[PDB]
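Some notes on the structure that comes next.
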Amino acid sequence: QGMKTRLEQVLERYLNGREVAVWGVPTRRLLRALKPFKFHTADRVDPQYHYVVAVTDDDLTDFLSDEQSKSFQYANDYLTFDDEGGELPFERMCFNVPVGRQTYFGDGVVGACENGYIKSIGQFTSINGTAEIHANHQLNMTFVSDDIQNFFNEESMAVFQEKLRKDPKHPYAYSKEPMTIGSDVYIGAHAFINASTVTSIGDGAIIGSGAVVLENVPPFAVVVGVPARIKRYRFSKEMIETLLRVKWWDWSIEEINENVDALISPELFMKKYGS
Amino acid sequence: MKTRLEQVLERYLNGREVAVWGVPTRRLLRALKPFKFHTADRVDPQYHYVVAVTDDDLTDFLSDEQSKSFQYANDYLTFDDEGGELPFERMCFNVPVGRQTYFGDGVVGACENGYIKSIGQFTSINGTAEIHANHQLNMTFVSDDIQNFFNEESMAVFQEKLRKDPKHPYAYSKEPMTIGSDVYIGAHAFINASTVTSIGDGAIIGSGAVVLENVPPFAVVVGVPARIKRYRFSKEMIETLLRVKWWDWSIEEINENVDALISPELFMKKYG
Amino acid sequence: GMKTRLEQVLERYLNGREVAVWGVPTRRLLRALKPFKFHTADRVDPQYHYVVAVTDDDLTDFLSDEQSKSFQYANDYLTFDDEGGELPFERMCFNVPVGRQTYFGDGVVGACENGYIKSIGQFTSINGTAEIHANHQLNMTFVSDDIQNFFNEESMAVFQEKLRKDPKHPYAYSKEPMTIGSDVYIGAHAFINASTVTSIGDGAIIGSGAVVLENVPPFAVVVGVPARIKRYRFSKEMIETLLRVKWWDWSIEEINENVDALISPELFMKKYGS
Ligand SMILES: CN[C@@H]1[C@@H](O)[C@@H](O[C@@H]2[C@@H](O)[C@H](O[C@H]3O[C@H](CN)CC[C@H]3N)[C@@H](N)C[C@H]2N)OC[C@]1(C)O
Ligand SMILES: CN[C@@H]1[C@@H](O)[C@@H](O[C@@H]2[C@@H](O)[C@H](O[C@H]3O[C@H](CN)CC[C@H]3N)[C@@H](N)C[C@H]2N)OC[C@]1(C)O
Ligand SMILES: CN[C@@H]1[C@@H](O)[C@@H](O[C@@H]2[C@@H](O)[C@H](O[C@H]3O[C@H](CN)CC[C@H]3N)[C@@H](N)C[C@H]2N)OC[C@]1(C)O
Ligand SMILES: [Cl-]
Ligand SMILES: [Mg+2]
Ligand SMILES: [Mg+2]
């Protein structure tokens, strides 16, 4: 019966006894998510009394164009409802998928979370909204269709599903681990990652615009092309091992600011933590 | 022409009232004009046919306790899903589309633009696939909307040269393309409507492929531009498949012969 | 504030009529319509009404309706949710000049709003799925941008200072916004990198799927990932003539008087080539 929306996860932490002020045309899905909370359609809004929910990105453009929005802080005081992959200051869940802090993605990757193709997405990871993650259909039967199964009776379905589960090429991502997407990852526009054949986008990996990723991407590799190939690595092997031990992406806010100089300068990072 | 929803209601509404689940639109109210309808409150499949307006509306309906007795297509549909699969052969802007065949808004647009002659049965097209034609490449300009400034005589001269162009700008002077049955087309794939007339039965078009020429039956093509990497089956089994046309079988026949559909070795034994 | 496409068109063509809204209104639309008299469309007449279709789907509904028969595009009707749609006059898109008969989709509107685009020329055709984005910084320990939401004032200043000095222009810092020329074509799923591109030359053709990482010369055709020059549309001498003549700045009268040279490059060179 429908898991927790991003908006509900935010309102549970930040509403703080205010009323939700809906900026835009309310939808069936929004009204259901708002049932636990006091809400009304927005007119004059004040962050002391109101939490502003823009329904669509279009409504958010309008809200942020309004003089009233000046005193509203992102996430703390306002959000967009139709933004399930939007970044948040806290770790959360997108369907059954853990998502780290300040990590964002778009509708294709939200769907991949819904489909079970993703195990988790790390911290401080930036995924262009047009990136896509999908699986392969079966390639070892007479047909390649999936929706033919809407015509299968109980006995036919059983035989079909049995064969799918034994296929070592993992059609529909069967019999494989869902993919882990690391921290400090960047994925470009129109990139594609194949969920039948990829289990790992390593920490720090960069996926170029338009890349077609068919196998795992090592940590801090930069991959480009159709099919994607490793073009370079962001850092030396010694610094990659250092990054994988330090895991700055799990630091507290205090520590991130404490060490902003090492985050900004790789040379300083190596002097401090490379031992 | 008739929307997907109107085709479905003509088949299955069976004298019920349409219960609109979500905010109604101009397009929806026009599609519902010959039918009785009301905004949904309490619904029951004996009295109501539920129309979720958007995909998000459908998510909310299918999460609701009231949806348990509603069967897909027989009792509910999404209005904004012109490319959605159906258990019967339908029309998409008077493009014939086979059973259990789905595609995204780009291919819906290609149907509306006249680029597609028909789409076969059991064909799976990822929602981000695109089908577009080329502009003219043999004039001083490549713009199309410059024509909004052409008077009647200039327009006629422009239109006549486009018609004579062997490279088929805007898919002029060529057949709209046939997309076969049991076809798979992956994400961000592109098919050029100026230069493609046939995606053969059984073809597989890889994610990101840019298809500039016809794809033979059961060819697997990948790359920019798309090249044949392999065929799915031997020449002998392709000939058998193109005769048998299992994609035209009844539901009874599909279940009767599920073993041949699961196992290509058994299909060849049985039919080849 | 900045004027929507609709507001600019109404200021030009409304001519004292009343706006007849066709479709479910939005908060964006109602704000744009505040200077004007408007009502929900019922019976409409282009002598009396200017029809605003809210969505593309609303427009399809309106144009299928018998009442639309005498309505002329732009002069009498428009789609609100079509900020990159073509117009017969030069307009602004989020304070970016856009030439006549030039269209583009929501990715390029976004790039206008983000400050990535200086101007877009006349008679330019950009597929709806084209994208224009910048690079993140590539010279620090992290590639994330939204880590900066955790930066205090001191940390943010140190971060912004390095970004400003980066010669590779992360987030399009310290570079000119890009000019997109006239009579340009940009295909489906094309990508143009705003960190490293300042010019798409007049006449350029960017093929579908192309990933454009550097300037595209005038009348060059580029394809692939990354994008490379496939061919030029015309000879060097004709390119030089086209850049002199600038037919894309001609009046409607000049376009029609010279349609033979616009259709035939040979005739263009005969009339304008030295
Ligand atoms: C669902 N809506 C999202 C939309 O909200 C927005 O998401 C932004 C994303 O574009 C930003 O980042 C992008 O744009 C920045 C300039 N604004 C420069 C850095 C770039 N990666 C992230 N920092 C925050 C997301 N909420 O753009 C992508 C999208 C998919 O349209
Ligand atoms: C208009 N909405 C459609 C949306 O309903 C959906 O369409 C699905 C399509 O993704 C499914 O298939 C896809 O996803 C499956 C797991 N859910 C695995 C197989 C894969 N091809 C088809 N079986 C049915 C369509 N109606 O995804 C594409 C879309 C364009 O967003
Ligand atoms: C915001 N809506 C726009 C939508 O209006 C439409 O835009 C068309 C564009 O596709 C047309 O052109 C395209 O389609 C033509 C057949 N219709 C063939 C030529 C091709 N470049 C331009 N001539 C006019 C724009 N308003 O398609 C793209 C879009 C992004 O969906
Ligand atoms: Cl936007
Ligand atoms: Mg038969
Ligand atoms: Mg004169």
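One-based numbering, in listed order, for ligands and for the atoms of each. Every chain is numbered from 1, with letters handed out A, B, ... down the list of sequences.
B:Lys167 NZ: 12 or fewer foreign heavy atoms inside a 6.0 Å radius. Other residues, nucleotides and ligands contribute only 12 or fewer heavy atoms inside 6.0 Å of the CG atom of B:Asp105.
Using bins of under 30°, 30° to 60° and over 60° for the plane-to-plane angle, the ring pair B:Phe267/B:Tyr271 lands in the tilted bin.
A salt bridge links C:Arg5 to C:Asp82: at least one charged side-chain nitrogen sits closer than 4.0 Å to a carboxylate oxygen. In summary, B:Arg26 and C:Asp57 do not engage in a salt bridge, as defined by a charged side-chain N under 4.0 Å from a carboxylate O. Between C:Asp56 and B:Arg27 there is no salt bridge, since no side-chain N of the basic residue sits under 4.0 Å from a carboxylate O of the acidic one.
The immediate protein surroundings of ligand 3, defined as residues with any heavy atom under 4.0 Å of it, consist of B:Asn113, B:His135, B:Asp144, B:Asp145, B:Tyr170, C:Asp56, C:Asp82, C:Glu86, C:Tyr103, C:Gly128.
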